[PDB]
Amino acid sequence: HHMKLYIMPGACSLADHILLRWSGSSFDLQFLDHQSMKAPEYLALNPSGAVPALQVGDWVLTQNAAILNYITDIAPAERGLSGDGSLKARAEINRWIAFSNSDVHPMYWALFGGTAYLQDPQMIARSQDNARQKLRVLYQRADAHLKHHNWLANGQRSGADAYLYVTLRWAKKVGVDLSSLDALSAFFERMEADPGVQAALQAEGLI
């Protein structure tokens, strides 16, 4: 109740939801729609009208990268979400959060109606194929990294893994080819076997 996470089921807010559960923090979910996000109540809270938003008392934090880092910062060290807690450890988490946040996530724009302005069905389809080809390349990079690493950063689970997992769920909704990416596949299954991930998916109605 002191902390409220504004979510849309299956959206990027799911990464923050997963991390909150891994941190062991007490929090309250506030459910939003593509309609309720654009309503004046949430626009007063976040003018951008986009999820996630994390309310800590009267303070409203908005970027996934900022929220994930904030949850990491407040989590007790025993939860192991900051690695050894050094500058290098935080930098490793940050680089992999930025990979999902600024390389992976925006490549999904064409796959979530971002290219509707093209009007031409063939052009819209080409933009989607391009997004899938570029995403395939990015996921091959993540898979190559996961072949020799347990987790993305510092060999320990972090907000970086929660974010990568959420993008993989989108890949599995928009037709991104993840075949022959065995390390990435094992990572996805490890995540889905996790009680914190399962609790989050269930609470959001993705079961």
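Start at 1 with the first residue shown and count on from there.
Peer 1: I need to verify one thing: averaged over C-alpha atoms only, is the B-factor higher for 41-49 or for 157-165?
Peer 2: Higher mean C-alpha B-factor in the PDB entry: 41-49.
Peer 1: Once you work out the mean C-alpha B-factor for both 99-107 and 112-120 from the entry, which is higher?
Peer 2: Between 112-120 and 99-107, it is 112-120.
Peer 1: In the PDB entry, which of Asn69, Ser26, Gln55, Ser180 has its C-alpha at the highest B-factor?
Peer 2: Checking the PDB record, the top C-alpha B-factor among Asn69, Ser26, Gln55, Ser180 is at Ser180.
Peer 1: Once the chain's modelled residues are ordered by C-alpha B factor and cut into thirds, is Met8 in the lowest, middle or highest one?
Peer 2: Answer is highest: the recorded C-alpha B-factor places it there.
Peer 1: Would you mind checking where the Cα B-factor of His148 ranks among the modelled residues of its chain, as the lowest, middle or highest third?
Peer 2: Highest third.
Peer 1: Which third of the chain does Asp73 land in by C-alpha B-factor: lowest, middle or highest?
Peer 2: Lowest third of the chain for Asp73's C-alpha B-factor.
Peer 1: Taking the chain's C-alpha temperature factors as the reference, tell me which third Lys172 falls into: lowest, middle or highest.
Peer 2: Lowest third - that is where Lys172 ends up once the chain's C-alpha B-factors are sorted.
Peer 1: Taking the entry's C-alpha B-factors for this chain, is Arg126 in the lowest, middle or highest third?
Peer 2: Within its chain, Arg126 is a highest-third residue by C-alpha B-factor, going by the deposited values.
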